[PDB]
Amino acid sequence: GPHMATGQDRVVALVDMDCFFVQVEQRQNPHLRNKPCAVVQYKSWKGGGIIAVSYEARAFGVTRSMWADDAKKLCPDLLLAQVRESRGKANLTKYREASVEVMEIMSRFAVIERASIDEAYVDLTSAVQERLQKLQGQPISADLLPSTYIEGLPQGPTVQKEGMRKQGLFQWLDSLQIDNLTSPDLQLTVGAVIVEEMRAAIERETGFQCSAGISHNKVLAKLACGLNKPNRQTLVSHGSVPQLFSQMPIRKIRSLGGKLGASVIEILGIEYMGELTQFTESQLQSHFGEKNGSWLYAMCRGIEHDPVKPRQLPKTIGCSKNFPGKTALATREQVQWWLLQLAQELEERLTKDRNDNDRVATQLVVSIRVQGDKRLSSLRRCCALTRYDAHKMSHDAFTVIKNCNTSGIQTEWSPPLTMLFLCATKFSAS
């Protein structure tokens, strides 16, 4: 009743760039704009592996993880941009730098949590309160929400997409009580107005388009963002949750896309998020653990409390390379040469990071995979990172892994290594 929390205390948005690496390449090369195109890494093996796909190319069935040679079978006119290669490996610097451009703009509007290279959460609770004060009971015009969808509308008693969007928006605005500064639906709407402004600023100042979700927590905001892509934003209200969740496969909710989600489905014999409401909190904790059970109990009701953490910079800086099949490293010289290549890229990134961000990494983590192991990482060891020097880092990395060598011969390496990974961690202010 009156004491039942409804998880409507915050306004949270998730902003996510559309086909990000493709946009970065299209900005740089106008010949790729408005074309089916994709970004690929490496080229020798099957034309390279696709890592990003324009919406025009998606229409042909082109997807991430596809080999470009195979993508060309679906889309003969597909255009390709290659990830830069430095020191024998893919170098993602251009995309990281583009990400900083966007994150810096978002940070003008509110505190952000960097969630990935091209997405960030925003806690808009305070900004909304402020904007509500300026508005002073004044209604919100549809003109302020030119790219916003209201999930679940229109409903009740045009055949074009944009017509539908406007009908839903009108029904929503018609029902708003702008007289109540504490109305959660009103707070969400003002949140959406701010996100329109943020998205406009990103596009004006970078050229990049994005989508966004606006809701009361991170999980719903993330789910919302994907409902209308590309170049649109979606508002998911508390009230929209029962219908939305009633046919929402469990795997669509962030964190349920893997083994836990599969177990929820198997153990409970359900398919959709909404079906979770029929279990008690203790029942859910019994199957999935205290933490997961409480989380599920609240989440299936649209409630989640994970905060938007104030963190704009990555917490680790890493460099990794696979050596698949016949390329696996089988000699000590090979292993040392590649550790050096990685260490050199890492040094470059670390030095730039120290200058830009006034911090220093203090731990170096070294990870490898051995041929045969189904696991992505086979072994992880740490050592001290006391100097930003690639030769030292690579020597140190070799020292911590060298005993993994089964080979009786000093010069040979067995079993061959199929992955090397160096990661700088544990930053301290400097």
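Sequential numbering from 1, following the sequence displayed. For clarity, a rigid core is taken as the largest C-alpha set superposing within 1.5 Å between two forms.
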Please indicate which stretch deviates more in 8 other deposited structures of this protein: 177 to 185 or 192 to 200, judged by C-alpha RMS distance after a core superposition?
177 to 185
From residue 157 to residue 158, how many deposited residues does the entry skip: none, 1 to 3, 4 to 9, or 10 or more?
4 to 9
Would 292 to 300 or 331 to 339 have the larger average of its C-alpha temperature factors, as given in the entry?
331 to 339
May I ask you to compare 3 to 11 and 421 to 429 by their mean CA B factor in the entry and name the higher one?
3 to 11
Highest Cα B-factor in the deposition, which of 348, 271, 151, 143?
143
Top Cα B-factor in this entry, restricted to 27, 374, 35, 64, sits on 374
Assert third(CA B-factor, residue 278) within chain per record equals middle
Place residue 161 in the lowest, middle or highest third of its chain's C-alpha B-factors, as listed in the PDB entry.
highest
Residue 320 - which third its CA temperature factor falls in, relative to the rest of the chain:
middle
Based on the entry's values, in what third of the chain does the Cα temperature factor of residue 309 lie: lowest, middle or highest?
middle
Per the entry's values, where does residue 231 land by CA temperature factor relative to the rest of its chain, in the lowest, middle or highest third?
lowest
